[PDB]
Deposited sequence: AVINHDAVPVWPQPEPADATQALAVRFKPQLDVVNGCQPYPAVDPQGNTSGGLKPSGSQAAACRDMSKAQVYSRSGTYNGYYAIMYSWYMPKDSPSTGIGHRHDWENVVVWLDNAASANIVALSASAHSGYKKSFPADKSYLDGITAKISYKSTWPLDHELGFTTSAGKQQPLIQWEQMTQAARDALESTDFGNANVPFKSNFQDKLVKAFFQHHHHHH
């Protein structure tokens, strides 16, 4: 069930057991948290989930809690790696915003063997921002440079940035326990929505770049 936001353990990044998992490690992005919460763990291996924070960043700024998620798939012939972050709240100012935040970037490859980045999609309030072709100034090698930021009074959302960012231990949907996948599918995150549950393919359709 729901546990304290700061009591969800960080899920250690395992070794990649196959090429799917190795690719998601290889393309892990950088995140520049400009304002708002740092990313936190949303779920544990028993399927307990974060209770988040009431909108009211001192409670969500602990760098040791860093975590990133991913799920991989295909759409329209292209290979997609969705990276997703959970924040305990999305509150531009006191009395504005809501408990929980789920954001995601899609890294699009031509295919999983060639593994050329063809585009990037970053979640925002109106829908996905798209960089097509992927702007070289948003790439540190093959590492996408992403920002997390609220422009008041709008919710905190993702964007592309030239600034270097930080990385987090990655646990992939494909590496989770069944209890954790079940909890991410069924848990009510209120105004926020897990973007890599049974809605994954629908999100890829919205993130697609041409």
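- Residues of the deposited sequence lacking C-alpha coordinates fall in the stretches 57 to 59, 214 to 219, numbered from 1.
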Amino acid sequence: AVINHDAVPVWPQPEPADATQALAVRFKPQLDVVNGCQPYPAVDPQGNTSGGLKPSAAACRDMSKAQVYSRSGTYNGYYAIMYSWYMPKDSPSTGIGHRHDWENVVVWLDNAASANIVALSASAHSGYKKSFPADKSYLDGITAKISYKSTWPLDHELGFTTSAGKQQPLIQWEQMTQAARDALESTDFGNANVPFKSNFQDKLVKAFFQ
From here on, numbers count along this sequence of modelled residues.
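- Two stretches are in play, 69 to 77 and 136 to 144, and the higher mean C-alpha B-factor belongs to 136 to 144.
- Of the two stretches examined, 162 to 170 and 147 to 155, the record assigns the greater average C-alpha temperature factor to 147 to 155.
- Taking the PDB entry at face value, the top CA B factor among 82, 87, 112, 96 belongs to 96.
- Out of 41, 45, 52, 55, it is 55 whose C-alpha atom has the highest B-factor in the PDB entry.
- Looking at the C-alpha B-factors along this chain, the one for residue 201 belongs to the highest third.
- Annotation for residue 13: CA B-factor lies in the lowest third of the chain's modelled residues.
- Ranked by C-alpha B-factor against the other modelled residues of its chain, residue 128 falls in the highest third.
- In the PDB entry, residue 207 places in the middle third of its chain by CA B-factor.
- In this PDB entry, the Cα temperature factor of residue 191 sits in the top third of its chain's modelled residues, the highest group.
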